[PDB]
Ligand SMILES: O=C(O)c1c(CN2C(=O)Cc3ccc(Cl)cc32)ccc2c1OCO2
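Consider the single chain below, provided in structure tokens and representing the form deposited without the ligand.
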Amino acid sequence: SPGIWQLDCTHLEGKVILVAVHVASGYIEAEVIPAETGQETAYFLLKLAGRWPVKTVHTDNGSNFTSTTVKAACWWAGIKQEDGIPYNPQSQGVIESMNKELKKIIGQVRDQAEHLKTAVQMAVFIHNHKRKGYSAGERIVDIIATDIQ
């Protein structure tokens, strides 16, 4: 559980926002990309796994699950690549709610930057720091530290 992440792809302004969610905490990293290719996804996972102890990634769709470039990145970074089938139906709902919340935050900041990428990084910051009371940033560190110990 401390090492489980889920990929999520959402769309805004004719661009793609790729999101990785740490399942147990709700902490996220995200990036804007032109389109969701195997290479973009592979590079994103490489970045993520260099920054956090990524044991398993539930991929966001079958194309990323199939992609040999994505499999190659997961091999390189020691990540177990898995499907993202919502065996628990609550998973779809959680992802959908997160995309809605993220788009809400982007709207709230959208006028503070010219470029969508900047707004998305502001949204990451706000999401990770929001207290609901601990924040997702606090939760992820505590979960992982407990695991190390």
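Residues carry their position along the shown sequence, with the first being 1.
There is another form of this protein, the form solved in complex with the ligand, and it is not shown here; the text below is about that form.
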In the deposited complex, residue 101 touching the ligand (heavy atom, 4.5 Å): yes
Distance check, residue 84 to the ligand in the deposited complex, heavy atom within 4.5 Å: no
Partner contact for residue 88 in the deposited complex: the ligand, 4.5 angstroms, heavy atom: no
Residues from 83-97 in contact with the ligand (non-hydrogen atom within 4.5 Å) in the deposited complex: 94, 95, 97
